Enquirer: 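Input: one structure, supplied below.
Note on naming: letters A, B, ... go to the chains in the order of the sequence lines (proteins, then strands), and numbering restarts at 1 for each one. Atoms considered below: every heavy atom in the structure, side chains included; atoms not considered: hydrogens, waters and symmetry mates. Read the numbers this way: they start at 1 and go in the same order the structure lists the ligands and their atoms.
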There are 2 protein chains.
Amino acid sequence: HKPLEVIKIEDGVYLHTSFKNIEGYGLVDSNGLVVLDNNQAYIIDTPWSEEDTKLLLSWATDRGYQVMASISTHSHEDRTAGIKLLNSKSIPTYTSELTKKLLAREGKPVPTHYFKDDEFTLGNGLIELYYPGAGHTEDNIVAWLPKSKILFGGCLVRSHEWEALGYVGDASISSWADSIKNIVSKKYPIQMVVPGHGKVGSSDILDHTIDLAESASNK
Amino acid sequence: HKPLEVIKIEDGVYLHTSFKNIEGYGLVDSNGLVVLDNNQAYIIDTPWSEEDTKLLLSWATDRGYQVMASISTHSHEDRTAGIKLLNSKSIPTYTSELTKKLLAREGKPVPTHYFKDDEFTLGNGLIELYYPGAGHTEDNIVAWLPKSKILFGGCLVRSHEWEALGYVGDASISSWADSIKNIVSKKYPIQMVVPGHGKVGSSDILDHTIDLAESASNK
Ligand SMILES: [Zn+2]
Ligand SMILES: [Zn+2]
Ligand SMILES: [Zn+2]
Ligand SMILES: [Zn+2]
């Protein structure tokens, strides 16, 4: 397919996007981040394939960055396809404990590190992880980047180009709006929200997601 | 997945819709028609799977209709997945000659009947087939239903919910707008346009498709 794209979206923050080209629909995209702490790089969600993960690692190496770890924000392949490769390179991989268990239940490679806590931090205080409750999946977490004022909402949040919730096979639709409201309750001074699929937007992605969740739940 | 849906959209015309549920995106739909001439039924595009084709044939049998033939509007699986089943039941299957050759090149079941003509008619004059030129694929054809004033645009036309051309792996983007203009030149008194994917709309689907094609071609 179309290979990995990596673009800068803030000082020390890059959006990585990988793709699948589906007959019947067309190109589907999948986003994660690279977050820098000086020269130390943290991967928030792997690309959607092992090959695209290799491209992301090469992207870092070519530019002199040192990849420290990855965190995956739920167990789906579009968040985790690269865990196997990172493990083979002795790069620490993280998920929540529930995500780890879900991966093992799917017969997929597990992270080398995991936490059973609603909050966890990577780097300085560079990346603040939070579990707001079930939505897109039972295990979805989000990441707040206090320096850049970016919330990585992952697949729990929906870009404005979408008029529905996306893939809901593993979703808890009746809990989804409440889980977004829990994010809102954190009172992050959000300047940008990055979704797992679709275009980056502003804080109103949260409101849009609540609208979509409440509509689908009442249906 | 979610099984076949069949709903009436005009006197003697039914929309059949089949689905695939994709992680990373969600539910993708695929449309065809059943067109009646008294009790004689014509299938414009098969459902997206053999199993959904069996459901469509059962739908017809249960309601007393006699399925006479199918026509597929290009070679992609979402138009043709049911050809094998119809052939096994000695129900005539049609495509254009180019579509037939493309199917054989993909190692897929071929229709039992085919024409190398820009126009062809099924039933009364019930269904008027036209090849307007390359767009979504090299072989795409459309169907005009003069009694119901419906143009089945198939995957060559794009519903208003889409802001792009969809799957373009086999497309001729530089010819697409011209091909729509050829449809316009037929001067069909169009009341409804049915796309291969997405929601049924009005004649302005043609204009929308031209806009999308011209934008993509200039890019
Ligand atoms: Zn997911
Ligand atoms: Zn996702
Ligand atoms: Zn097609
Ligand atoms: Zn199609």
Enquirer: Do the rings of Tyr25(A) and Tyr25(B) sit parallel, tilted or perpendicular, given the 30° and 60° boundaries?
Expert: tilted

Enquirer: Hey, does the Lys NZ or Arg CZ of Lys20(B) hover above the aromatic six-ring of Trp48(B), less than 6.0 Å from the centre and inside 45° of the axis?
Expert: yes

Enquirer: Tell me, yes or no, whether the heavy-atom count around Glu161(A) atom CD, taken from other residues, nucleotides or ligands under 6.0 Å, exceeds 12.
Expert: yes

Enquirer: Hey, which protein N/O/S atoms does the Zn ion (ligand 4) have under 2.8 Å?
Expert: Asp78(B) OD2, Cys155(B) SG, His197(B) NE2

Enquirer: For the pair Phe120(A) and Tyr94(A), name the ring-plane relationship: parallel under 30°, tilted 30 to 60°, perpendicular over 60°.
Expert: tilted

Enquirer: Could you go step by step and tell me if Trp176(B) and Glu214(B) meet the side-chain contact (heavy atoms from CB on, under 4.5 Å) rule?
Expert: CA-CA 8 Å; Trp176(B) 200 324; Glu214(B) 293 188 335; over 6 Å; no

Enquirer: Under the side chain to side chain contact (heavy atoms under 4.5 Å, CB included) test, which residues partner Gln191(A), sequence neighbours left out?
Expert: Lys149(A)

